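Experimental coordinates follow, after the sequence.
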Amino acid sequence: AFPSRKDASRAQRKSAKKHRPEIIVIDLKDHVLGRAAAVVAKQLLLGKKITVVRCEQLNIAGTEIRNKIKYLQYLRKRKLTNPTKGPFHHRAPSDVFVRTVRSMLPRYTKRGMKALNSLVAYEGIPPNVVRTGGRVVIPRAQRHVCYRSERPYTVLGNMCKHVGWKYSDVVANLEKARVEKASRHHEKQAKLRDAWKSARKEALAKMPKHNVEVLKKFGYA
Amino acid sequence: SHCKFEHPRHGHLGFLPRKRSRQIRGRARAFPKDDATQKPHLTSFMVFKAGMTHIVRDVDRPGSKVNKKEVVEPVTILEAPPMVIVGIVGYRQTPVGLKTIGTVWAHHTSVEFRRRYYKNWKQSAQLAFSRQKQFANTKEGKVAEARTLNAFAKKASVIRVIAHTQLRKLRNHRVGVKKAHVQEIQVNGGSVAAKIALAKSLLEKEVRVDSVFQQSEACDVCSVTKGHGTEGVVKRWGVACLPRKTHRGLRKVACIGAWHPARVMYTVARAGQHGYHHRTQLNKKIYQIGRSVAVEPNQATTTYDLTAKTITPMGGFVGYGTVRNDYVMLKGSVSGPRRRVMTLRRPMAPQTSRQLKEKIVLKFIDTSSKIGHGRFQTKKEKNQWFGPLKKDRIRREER
RNA sequence: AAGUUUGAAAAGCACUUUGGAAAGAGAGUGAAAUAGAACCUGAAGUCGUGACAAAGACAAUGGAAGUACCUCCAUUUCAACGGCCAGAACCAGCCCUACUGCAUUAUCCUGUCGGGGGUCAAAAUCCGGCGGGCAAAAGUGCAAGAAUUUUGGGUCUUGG
RNA sequence: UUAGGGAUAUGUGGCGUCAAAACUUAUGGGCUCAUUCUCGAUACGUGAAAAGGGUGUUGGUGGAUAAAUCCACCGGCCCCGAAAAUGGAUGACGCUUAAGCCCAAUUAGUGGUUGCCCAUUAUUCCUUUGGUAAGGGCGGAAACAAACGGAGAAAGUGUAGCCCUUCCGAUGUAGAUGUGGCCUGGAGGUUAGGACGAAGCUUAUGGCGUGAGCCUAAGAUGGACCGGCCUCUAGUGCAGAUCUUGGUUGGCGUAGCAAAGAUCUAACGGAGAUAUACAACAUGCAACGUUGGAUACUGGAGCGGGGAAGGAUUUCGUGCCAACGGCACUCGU
RNA sequence: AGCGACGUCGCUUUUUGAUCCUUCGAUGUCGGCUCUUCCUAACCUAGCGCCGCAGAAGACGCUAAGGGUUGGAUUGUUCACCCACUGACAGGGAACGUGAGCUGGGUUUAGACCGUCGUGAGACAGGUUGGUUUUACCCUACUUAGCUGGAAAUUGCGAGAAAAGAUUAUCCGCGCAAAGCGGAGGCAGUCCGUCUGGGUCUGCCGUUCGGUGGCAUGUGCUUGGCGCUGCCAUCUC
RNA sequence: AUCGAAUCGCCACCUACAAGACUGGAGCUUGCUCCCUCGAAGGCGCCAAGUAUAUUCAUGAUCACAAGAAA
RNA sequence: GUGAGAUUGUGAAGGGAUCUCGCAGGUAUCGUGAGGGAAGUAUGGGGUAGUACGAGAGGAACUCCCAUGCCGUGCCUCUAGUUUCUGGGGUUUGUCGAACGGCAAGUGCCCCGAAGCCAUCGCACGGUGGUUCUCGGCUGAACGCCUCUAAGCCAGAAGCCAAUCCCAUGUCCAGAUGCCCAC
């Protein structure tokens, strides 16, 4: 197990209850790369625990052959005398993002590595986070806002496919795999959701009548 | 300022570090692509190196000066007793790497295998696998074996088999090791449920080489080269030893760098190791897959020689001894010294060509002694050239 | 080069004990033996040893400002009491914020009649004539409007 | 334009993150797409680009033919022109409904009238110190015991400043001067201390001064001298000279102790052993002398036997192992 | 096509100058050898456009520096020339890379000779022969070789799974799943308090294990031997 | 078991997807008209299991980490 | 809380308090592979062919096949090199009385010499996808036509990226498993 035997032994010796910290989880499909990373970088310096998710689908402005070259100019730079100590080059889009964030953080101070260590990125949406709460979005980082639709753009996961990120197919098969499992379960619930949605209008009838005039005032009726 | 005359650099920067290998075992770093039409099969096998001989065969290659002619080709003999299959393991496929799912252990393991887990076995309490052999049965233990198979069927991409050597059935007292060398063997072909069907039928059963390989196929070998300990730059890399007059010695490299970078680059040749580095050769073509002496003697006889013989030379393979079990005979050198374990794996490189598709028919196999110059093929050929002899004239007086 | 200056006095450690011896452990002399022979005081620098503080690689130190744990050094307080820590009221000063008037408009306002323009047909944008006039408001120019004159905030940025 | 601090406000420069400020401001107008030194984006800083080109796009001027079109010319941004040696630089990431360029504004035709952040600056408040400093008080007004409103008040350059109120300045190399300004060995005075512990020494011993420094506390330190104050006096203040002398120290149990072939065994000596809290090896290692035996070297131009020069007790016997014979001695010059 | 005068605009820092900013209590000062790497203004190698490109050979240009770029005679030479091979024998940088890496032929000393100059000692960026090439054990780099902590990157107890599907109850297998299905040891004594339940121990009988005694088959296989399964039985569990 | 902790929103209705030159449905006249659920709302929680007749609270003595801990 | 140990300057023995530390991992195997390294490159011959082209003189190339140069990673069956195996034999001077056995000449010298090591002086092996540039096109406007481009698209270089190959969790793998503990 990842936890030590003692903090399993401690948690069982003090009992109480399982714990999870308050965590944000940001979807990332069609969020501009460098705008979404800034917003995230400033929330990591404020003490927030952020799970980035679907990094493959982040966008960049401009043609794909162009942003390929930008990353290839980044491969050209390595330490010539001993590259194992030369600047490292990460491929996988979740890693491209934690770098675009990281270089925007004071990463050489214990609060710069304390902020970064609170971010967690992913490809797709891993089961570790599929169902916990509702995914959030960064409306000033969105593509349908930030980019004129006339301009060509890139999908970070397609750019990073033609550098050494070979997991692209493995991810596309896990996204096709979940989005069914979710929408099968979603439509399954349509029997229940309509029950409640009916039970509010059906309750508004036999609910005491001086309250419903309040709901009509302040508008929930 | 530029170097006066260009010459190709010494050594291959892709085999760096020159580094003494983590294992003597020579495991395969990959396995060939899945065809997923061909029936499932095991893709590699553990093999012990015995020695080398040459052979005589006649080439069929239209277009060559050697066209229909006899050619003497050196050949390495590698004995390969049956491997036993102790386990099944399978691999979920994640956006980072493969990951094992579980492993299903056979219901019986020899002491050869659990000989691994201790480092002093005979003075151990010898409790390895004591508890599962107990829990692999009853009820809660029939279920858990069943749900990890069902885990493979649903969630697994690759499925492998844990197979170890038999060092009893190979009786060689120069190898010395009573621990059973263990590796995983990947099962290629068929759907994922068809692999579990095969692998579940292999457990506890032996695997002969001929089931894995075919005579004239090529197989590429994963093995660990002969360690020389620290060697100078001239043996380690090519470095064109310096002239006689030089002060402080001539086997050095002279200029290991410019002023700037003020550093020594990783590409400049230094001294060390020249080690037992791990290597995977390609396209080592199998000439003969033999059979054990006990079963089918006349190993080195042919449709041509017709003299009852075996592959073990007169006086044994030097430093190795007689090859008791079935063996592969394989054209060319294999890295590593005698006695070392190696794995033959189904060839990865695409095989379409005249050289690499051919039917090998051997005319002759050289059993002459490798000590000295052996001029005799068999012990009978020797007793004909001498005959009665002073120590022989004596032993008949014991009668 | 080198005080041979131990102590008042040699009283310069008898004796037991481990050791081949050097010495060690005891004991004894003396106010002091951490005055035991170079022997008064016995510094700096460097090293050992117990305890403890922690500490990633930013060479280390350094500045400023906190906090954590110690310190037991200092001063103070211990009952109709305090020189300690907090809040809340009021007072002077200071700072800040809210609160608005005087002029000005015309290359304008609004009728109407000629054009002119367009549209299915009109109106409008637009030029001219003749009446009337205050766009009642304008991002015009200046602004002095007593913030306890029973009610604006701040002062842990001042002192009571 | 800099005495030590606080507040408010600002300058140059800025408000996507790094990084304080538009949590990416406006309910402002345009223009721009740039494929391996990667479009552009801090003046001074060629700290990088020209001539010449472009039916890329966006404007304008002149002329011309009539459903709109055509010819010439001139701009803006962008592109070509545009090739260097370690991987690399709008400062980094990155930005394209700009986080780019030109212009403009302040919560936006809704009322005019200061968006926000940051200086050792400005304004103001407190504290210091110095003036070409400015002014006031200084003839004790009277009253007044403990027990069960106090205390100062000096005719003054400088102090722990005679007291108080006020105003301006305050950084600085070389250099000049001031200090009732700190320290040190001594001499003339004066006042004290000390075996109930002087000088010296040591300390997470605090207190005072802007500072040199002073002073108290502790010593499970010491063992006999010594402090303050006025004046005199000088061999009077240390971190640096390839400073002098003594000591110590990292490098370091490191380089190394490799010409002249070489020793081995047994018994005896010796403290140097055959050294042990359910056998012997696995738990006393290595090394020494003499005698016998073995093996080997010098090889008569000798590690043979005698003399000069030079040394001068090294010669010889007994004892002896502290130091010395760069390892070891039980041996020895 | 390929050139391109008279003019004109630039680039490069592999030439030589110009300057004198750094180093005179010292940065070892020519060339070769060795070795690595980088640049592209591309000689060969890959792909292509164009020609005064019929073919063959080649001219000019484009992307492109991944790979390759020699054996010798003479010279101290760099440079230069000729011989010979080759697909080609491209141009360079890295303190005019590279002397605690070497070499010491040259320059740049003391000896000596000649020529020219000087009355003379002596000079000559002229010629000649001979002329000491010192140190790494420190730090980093690099090449190999070991030991070893560590996620708040040593601490906080500061909790995040590229997990699975649910409240003390699912008891398990299957199913995307809905629907739906097949399979679940029991009995008798104990403690403790929330639909009776939990927590163990004990007595009793069973299935799947466990280990003892007999009989075949598959596999392997000796140094006629090593070992395991298989049915039954008993025993233990 | 040290241990006393900083944290202060729960959920088996959010915890599926997509688009933004567009996503309630439709007609020709293609920017207007008409229809619907009217196109701008995850649910719940915030002191009686529920909006009405109730019912312990102190002395923890005006602020102090909330002296509280399973929504 | 529980276990252990400390509290060392001026004597002994008590007790008390306090401080520090341990209190759950250990050990063995099979694997994942982020990142970093990176490699094969070039020619000749057969054949096409005396063909295309050309008046002739002359004179190509691709698929395919076979070899080779340079480089790389190995290997020791063969052949070659090496011998302190002082292996066996020979042999010179000296030497133990001769012979035998030897011995000294720092390995006397000579011939042969296994194992091992080793040689482009021997032997073996050295490969697959994709994104793009240049360029040639398709569809197709701007601009009633035209146009490879403005939007979209095709083909596509020894370049660049990945597969293979080398080191690999300080990439802290909640990857899998063996066994003993602790809970």
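The structure has been received and is ready for your questions. Residues are numbered from 1 along each chain as shown, chains lettered A, B, ... in the order given.

any idea what sits nearest the residue in chain B that RNA strand G sits nearest to, other than its immediate chain neighbours?
Scanning chain B for the residue nearest RNA strand G gives residue B:332, at 2.0 Å (criterion: CB to the nearest atom of the strand). (C-beta placed from N, C-alpha, C; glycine too.) Among residues not flanking residue B:332 along the chain, residue B:284 sits closest, at 5.7 Å (CB to CB, 6 or more residues apart in numbering or on different chains).

what helices or strands is the longest strand along chain B leaning on?
What stands out as the longest strand in chain B, according to DSSP state E, is strand B:44-58. If contacts are counted by 3 or more CB pairs under 8 Å, 6 or more residues apart in numbering or on different chains; DSSP states H and E, strand B:44-58 sits against strand B:70-79, strand B:182-188, helix B:209-212, strand B:327-331, strand B:341-345, strand B:362-365.

how about those in JSON lines, adding mean neighbour count?
Formatted as JSON lines, the helices and strands packed on strand B:44-58 follow (neighbours: other CB atoms under 10 Å in any protein chain shown):
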{"stretch": "strand B:70-79", "mean neighbour count": "18"}
{"stretch": "strand B:182-188", "mean neighbour count": "22"}
{"stretch": "helix B:209-212", "mean neighbour count": "18"}
{"stretch": "strand B:327-331", "mean neighbour count": "24"}
{"stretch": "strand B:341-345", "mean neighbour count": "24"}
{"stretch": "strand B:362-365", "mean neighbour count": "19"}
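
re the thing from before, the residue of chain B closest to RNA strand G: neighbour count?
Residue B:332: 15 surrounding residues under other CB atoms under 10 Å in any protein chain shown.

Phi, psi for it please.
Phi and psi for residue B:332, reported as degrees, to the nearest 10, are phi 100, psi 180.

quick one: secondary structure of the residue lying closest to residue B:331 once chain neighbours are set aside?
Leaving aside its chain neighbours, residue B:331 sits nearest to residue B:285 (5.0 Å; criterion: CB to CB, 6+ apart). Per DSSP: H, G, I helix; E, B strand; the rest coil, the local secondary structure of residue B:285 is strand.

which residues does residue B:285 contact?
By CB atoms under 8 Å, 6 or more residues apart in numbering or on different chains, residue B:285 lies in contact with B:216-219, B:330-332, B:356, B:360.

could you redo the last one with a cut-off of 10 Å?
Contacts here follow CB atoms under 10 Å, 6 or more residues apart in numbering or on different chains; on that basis residue B:285 touches B:73, B:75, B:215-220, B:330-332, B:347, B:351, B:355-358, B:360.

Residue B:63 versus that one, what's the distance?
19 Å (CB to CB, to the nearest Å).

Kindly report the same for residue A:134.
72 Å.

right, is the longest helix anywhere in chain A up against RNA strand G?
In chain A, taking DSSP state H as the definition, the longest helix is helix A:168-206. No - for helix A:168-206, no contact with RNA strand G is found by CB under 7 Å from any atom of the strand; the gap never falls below 9.7 Å.

ok, now stretch B:361-376?
Yes - contact of stretch B:361-376 with RNA strand G (CB under 7 Å from any atom of the strand) involves B:366, B:370-374.

Closest one to RNA strand F out of those, please.
Relative to RNA strand F, the closest of the residues of stretch B:361-376 next to RNA strand G is residue B:370; by CB to the nearest atom of the strand it sits at 65.9 Å.

what does chain A have sitting close to RNA strand F?
Residues of chain A lying near RNA strand F (CB under 7 Å from any atom of the strand): A:9-10, A:13-14, A:16-17, A:21-22, A:27, A:29-30, A:125, A:130-135, A:143-144, A:149, A:179, A:182-183, A:186, A:189, A:192-193, A:196-197, A:200, A:207-208, A:210-211, A:218-220.

And for the nearest residue to residue B:29 once chain neighbours are set aside, the neighbour number?
Using CB to CB, 6+ apart and skipping the chain neighbours, the partner closest in space to residue B:29 is residue B:280 (7.0 Å). Residue crowding around residue B:280 was assessed by other CB under 10 Å; the count is 17.

what are the ranges of the helices in chain A?
A:5-14, A:33-44, A:64-75, A:93-102, A:112-116, A:143-146, A:156-159, A:168-206, A:209-215.

quick one: the nearest residue to residue A:1 once chain neighbours are set aside and residue A:14, what's the gap?
Distances taken as CB to CB, 6+ apart place residue A:8 nearest to residue A:1, at 6.9 Å, with adjacent residues excluded. Residue A:8 is 11 Å from residue A:14, where distance means CB to CB.
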